[PDB]
């Protein structure tokens, strides 16, 4: 065994866990009618995820060769590649069209609502929302896709799949901050995910939420198109100015080191770093780049960021950033948000329990 990340724990993996290279990110709508159908679904997803992340090798026997294989096979020879699978629920899981579909509204999390419309949104409704999100990460795309596929396979009959995105973010060979598609290092401003205390104040829900959220968090999702062709033709100055860091070093303007503190009065008031840091709030950003062939509409490379961030309180920590950035981020010149969602992520699973058990009345 080698690249394994415990599935069971105080929290779900794939949040504070070291950033893997690949993500597959899916949203589902529950079409089933009874909570018991959903319990079944969550039960099976638990077994299978445990199996997948542990590197438990599925086969060996597979009796009755007239039956479908229970596993799709393409990961048979592959390392678990730090596979994590994270689950969350959107507003619509709890209340859809003013109806409480599953008797769950009394256990609705404190901060779970659609994100407010923002300026420069060009949201595709079908590229956001959804009853359930599944975030699958691994250091190997094939491993990640294998997981999503086997998980989605189990949801046939109960859910319809709403969207499946995938992305990548390679870190440096020597552990440097991974660079996004704008050539800039991404994640410098995050607090240390290995600092349990900082993660408890930023990410982890500890109280003031339904019990099933304890050791959970909220996940904000934004699919943000990045106009590479316009960016690439911009001067280095314009690029650096857009962010308030230098491209190479990743250092804040005026500072020498990437990890030096940002000096606010040294970067434009309209820079991405400036706007986000002001407001004074912290989130845990854990984004991945995407490319999706040619945009049929522009004829250019369809590319962007799968912005994913975790926060114990999206209203206090994330939305104010979103408000500030959408107003006058210099970055707005080179990006546009085309998908949006907010998910509530349950606390971790204890061995012998299933995901979100405490939410569907065990």
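Numbering follows the first chain given and starts at 1.
The records show that residue 59 is omitted from the coordinate set of at least a third of the other eligible entries of this protein. Legend: mean Cα B-factor per stretch from the PDB entry, 100-108 versus 221-229; the higher mean is in 100-108.
Higher mean CA temperature factor, per the PDB entry, when comparing 275-283 with 141-149: 275-283. The PDB entry assigns its highest CA temperature factor, among 46, 65, 337, 332, to 65. When the C-alpha B-factors of 72, 255, 289, 165 are ranked from the entry, the top spot goes to 255. Sort the modelled residues of the chain by CA B factor and residue 261 lands in the highest third. Among all modelled residues in this chain, the alpha-carbon of residue 343 has a temperature factor (C-alpha) in the middle third. In the deposited entry, the Cα temperature factor of residue 298 places it in the highest third of its chain's modelled residues.
For residue 179, the recorded CA temperature factor ranks within the lowest third of the chain's modelled residues. In the deposited entry, the Cα temperature factor of residue 322 sits in the middle third of values across the chain's modelled residues.
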